[PDB]
Asks: 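Got a structure here, written out as structure tokens. Questions coming.
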Amino acid sequence: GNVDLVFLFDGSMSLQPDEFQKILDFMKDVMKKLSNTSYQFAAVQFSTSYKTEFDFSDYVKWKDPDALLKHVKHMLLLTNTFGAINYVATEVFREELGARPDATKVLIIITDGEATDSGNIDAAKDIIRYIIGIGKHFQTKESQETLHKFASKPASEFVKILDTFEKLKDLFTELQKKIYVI
Ligand SMILES: Nc1cccc(Sc2ccc(/C=C/C(=O)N3CCOCC3)c(C(F)(F)F)c2C(F)(F)F)c1
């Protein structure tokens with residue numbers, strides 16, 4: 001019933017300042033809409049390295065997406081997606097950061113490029129993983145397909161590709177049509 005949800009977001013060099021900002025604003029739009037629910041949130045920037053920008057405890061105490069993300073600094077480096085996802089699994093989904101042990105775990109990966117590292121995500125198997133790939137880096141079917149190994153199956157359900165960063169506005173509109181009292 002409880003959902004612990006991590007936004008794992010790309011801070012690579014390829015992102016223009018306004019593109020990075022549109023990611024930030026997308027995350028806030030989502031959290032604001034799901035205020036006062038069974039959702040609790042944390043946000044991790046990844047590039048070459050990984051940074052938990054805020055954790056579940058931070059979210060619980062303040063409940064203010066704007067404040068929680070105010071101090072994000074765009075890393076401007078690589079796109080170490082394998083390491084990032086592994087970092088979330090082992091270093092973010094923990095009591096110490098406010099995670100609830102029995103909650104349903106959800107990861108929302110937002111990226112504008114293919115991974116710069118390699119390996120596996122065995123450690124993240126218990127997490128429901130969604131991945132949003134954005135921009136001209138994902139023009140080809142082959143580039144979209146590379147994202148599939150990161151997300152839960154089927155890709156048709158757990159993978160979304162967006163032509164541009166403006167389409168995050170549109171995805172948020174669509175998302176809200178999937179909100180129900182169950
Ligand atoms: N089709 C597709 C593919 C890739 C990305 C997306 S975007 C997305 C998707 C799902 C969710 C939330 C899911 C959620 O909370 N669930 C469904 C799984 O079971 C637990 C509840 C969410 C969230 F808003 F609730 F967090 C998104 C979001 F965040 F808008 F990106 C959509």
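Residues: numbered from 1 along the sequence shown. Because only heavy atoms are used, hydrogens play no part in the values below, and waters and symmetry mates are left out as well, while side chains stay in.
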Asks: Taking only residues two or more places apart in sequence or in another chain, which ones pass side chain to side chain donor-acceptor pair (under 3.5 Å) with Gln144?
Replies: none
Asks: State the CD-CZ distance between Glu53 and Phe9, to the nearest 0.5 angstrom.
Replies: 4.5 Å
Asks: Taking only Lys NZ, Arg NE, NH1 and NH2, and the carboxylate oxygens of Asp or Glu, determine whether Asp66 and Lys32 approach each other closer than 4.0 Å.
Replies: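 Between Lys32 and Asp66 there is a salt bridge, with a charged N closer than 4.0 Å to a carboxylate O.
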Asks: Could you state the interatomic distance from CG (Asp112) to CG (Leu162), rounded to the nearest 0.5 Å?
Replies: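 Between atom CG of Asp112 and atom CG of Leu162 there are 11.5 Å.
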Asks: In terms of side-chain geometry, is the basic nitrogen of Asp29 or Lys33 positioned less than 4.0 Å from the acidic oxygen of its partner?
Replies: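 No salt bridge links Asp29 with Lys33.
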Asks: I'd like to know if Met75 and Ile23 are part of one continuous hydrophobic network [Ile/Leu/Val/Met/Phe/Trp/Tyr, side-chain heavy atoms within less than 4.5 Å].
Replies: no
Asks: Taking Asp4 first and then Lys105, would you say they form a salt bridge - that is, a charged N and a carboxylate O separated by under 4.0 Å?
Replies: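 Salt bridge between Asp4 and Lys105, a charged N being under 4.0 Å from a carboxylate O: no.
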Asks: Would a distance-only check, ignoring hydrogens and angles, find a side-chain to backbone donor-acceptor pair under 3.5 Å from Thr116 to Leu78?
Replies: no
Asks: Using modelled atom types only, decide if a donor and an acceptor are shared between the side chain of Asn80 and the backbone of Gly83 within a distance under 3.5 Å.
Replies: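 Side chain of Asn80 to backbone of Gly83, a donor-acceptor pair under 3.5 Å: no, none is there.
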Asks: Roughly how far apart are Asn86 CG and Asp117 CG, rounded to 0.5 Å?
Replies: 8.5 Å
Asks: Could you give the distance from CG (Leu5) to CE (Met27), rounded to the nearest 0.5 Å?
Replies: 11.0 Å
Asks: Side chains of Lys63 and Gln40, heavy atoms from C-beta outward: is any pair under 4.5 Å?
Replies: no
Asks: Are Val44 and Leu77 co-members of a hydrophobic cluster defined by side-chain heavy atoms under 4.5 Å apart?
Replies: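 Looking at the clustering, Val44 is in a separate group from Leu77.
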Asks: For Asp55, is there any backbone N or O sitting under 3.5 Å from a side-chain donor or acceptor partner on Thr52?
Replies: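 No; zero donor-acceptor contacts below 3.5 Å.
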Asks: Using modelled atom types and a 3.5 Å cut-off, is there a donor and acceptor pairing between side-chain atoms of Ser38 and backbone atoms of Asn2?
Replies: no
Asks: Would you say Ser14 and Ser12 are linked by a side-chain donor-acceptor pair, where the criterion is simply a distance under 3.5 Å?
Replies: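 Yes.
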Asks: Within a 6.0 Å radius of atom CD on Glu157, are there more than 12 heavy atoms belonging to other residues, nucleotides or ligands?
Replies: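 Enclosed: over 12 neighbouring heavy atoms sit under 6.0 Å from CD of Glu157.
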Asks: Working to the nearest 0.5 Å, report the span between OH of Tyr59 and OG of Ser35.
Replies: 6.0 Å
Asks: Following the transitive rule for hydrophobic clusters with a side-chain heavy-atom cut-off under 4.5 Å over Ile, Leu, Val, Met, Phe, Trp and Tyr, establish whether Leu97 and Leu68 coincide in one cluster.
Replies: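 No.
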Asks: List in chain and number order the residues that pass ring pair (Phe, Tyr, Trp, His ring centres under 6.0 Å) with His74, two or more places apart in sequence or in another chain; answer none if no residue qualifies.
Replies: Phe20
Asks: Are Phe165 and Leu175 connected in the hydrophobic side-chain network, where two residues link if heavy atoms are under 4.5 Å apart?
Replies: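 Looking at the clustering, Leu175 is in the same group as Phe165.
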Asks: Could you go through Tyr50 and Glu91, starting from their C-alpha distance and side-chain angles, then the distance that decides it, and tell me whether this counts as side-chain contact (heavy atoms from CB on, under 4.5 Å)?
Replies: CA-CA 10 Å; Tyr50 326 108; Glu91 299 302 321; over 6 Å; no
Asks: Examine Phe150 together with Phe82 and report whether their ring centres are nearer than 6.0 Å.
Replies: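 Yes: the rings meet the under 6.0 Å criterion.
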Asks: Do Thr37 side-chain atoms and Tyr39 backbone N/O form a donor-acceptor pair below 3.5 Å?
Replies: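 Looks like yes, one N/O pair under 3.5 Å.
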Asks: If you define the side chain from C-beta out and look only at heavy atoms, does anything of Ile110 sit under 4.5 Å from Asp10?
Replies: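 SC-SC contact between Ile110 and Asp10 ruled out.
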Asks: Same hydrophobic cluster for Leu8 and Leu76, using side-chain heavy-atom links shorter than 4.5 Å among ILVMFWY?
Replies: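 The answer is no; the residues belong to distinct hydrophobic clusters.
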Asks: Kindly compute the distance separating NZ (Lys149) from CZ (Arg129), expressed to the nearest 0.5 Å.
Replies: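 Output value for this atom pair is 13.0 Å.
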Asks: For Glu19, enumerate each residue passing the side chain to side chain donor-acceptor pair (under 3.5 Å) test, keeping only those at least two apart in sequence or located in another chain.
Replies: none
Asks: Tell me if a side-chain donor or acceptor on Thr111 pairs with a main-chain N or O of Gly113 at a distance below 3.5 Å.
Replies: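 Yes; at least one donor-acceptor contact below 3.5 Å.
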Asks: Answer yes or no: is there a donor N or O on one side and an acceptor on the other, between the side chain of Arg94 and the main chain of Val92, under 3.5 Å?
Replies: no
Asks: Looking at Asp25 and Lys28, is there a salt bridge between them, counting it only when a charged N and a carboxylate O are closer than 4.0 Å?
Replies: yes
